[PDB]
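Starting off, we have a lone chain in the form deposited in one PDB entry, written out as structure tokens.
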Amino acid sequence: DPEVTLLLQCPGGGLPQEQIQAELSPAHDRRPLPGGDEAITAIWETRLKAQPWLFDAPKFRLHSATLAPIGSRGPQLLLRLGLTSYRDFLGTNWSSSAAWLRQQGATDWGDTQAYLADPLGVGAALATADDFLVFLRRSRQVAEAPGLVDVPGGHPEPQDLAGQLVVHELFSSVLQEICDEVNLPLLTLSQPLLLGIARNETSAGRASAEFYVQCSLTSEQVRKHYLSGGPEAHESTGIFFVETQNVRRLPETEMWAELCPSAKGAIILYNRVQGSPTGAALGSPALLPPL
């Protein structure tokens, strides 16, 4: 899977909100482009002159994520974040020249991402009460990953002493995206655990934070809530479910070639962090069959 790279695998089966620190700093921003940010402004003007109903929106930028030594007390992760925008994404990661910008950043800054917007996404491995994960089908008419399979998620919009409010908005955002797209009541969801961070090498290395969320509803009940919104209540065109038993071997199935890169990152991290037991009971051959 060359189109997905793991940047972070969390310990302990996943980290809760209270174990994560953020540093939001203009030192963590994109660098101005070599010949100037006028190239971004020109792409945006061309787009608005065809689609004048489009709007810009602020986004968090991922600079880096440092894990504490394993087994330590106190905060376990530091997220270094900056700010970016939808407009800066369209002019950098989404540009036909994005690979040239990655080579230039290696040359000038020793950092392949220095000239890239790199907006931070969120995604969820969402489990039902009857042990299935939730998948969504993308419209064949959208610009990014048309017709491919995705998991719930989105790209959060801004608004440790401003740090804790930023971590709160990231955890809040993945629940809000589940409620808006799947149409589930908030009180049927667990507090999220962070599983890790995955990069989409088909979008010049932009990253997504991948979370585990449990729902108290069965697969039948989740399907009823999704459908009862009607076609205008969701951006996706369908919902479906895979037993957690079967997610273990998903990379060997025909479904794998249909998954978009951020959804592949969610499922790899689910399998490594929530699956893959370490103890004698769950590791016994009848509960963890060989192959």
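The first residue of the shown sequence is 1; numbering continues from there.
Although not depicted, the form deposited with a small molecule bound is the subject of the following passage.
- Only one of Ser216, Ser72, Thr107, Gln164 comes within 4.5 Å of the small molecule in the entry with it bound through a heavy atom, and that residue is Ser72.
- This chain appears without its partner; in the entry with it bound, the one residue of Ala39, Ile239, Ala68, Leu250 with a heavy atom within 4.5 Å of the small molecule is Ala68.
- Across the options 216-224, 74-82, 187-195, 98-106, residues that bring heavy atoms within 4.5 Å of the small molecule in the entry with it bound belong to 74-82.
- Remark: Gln21 counts among the residues lining the small molecule in the entry with it bound, judged by a heavy atom distance of 4.5 Å or less.
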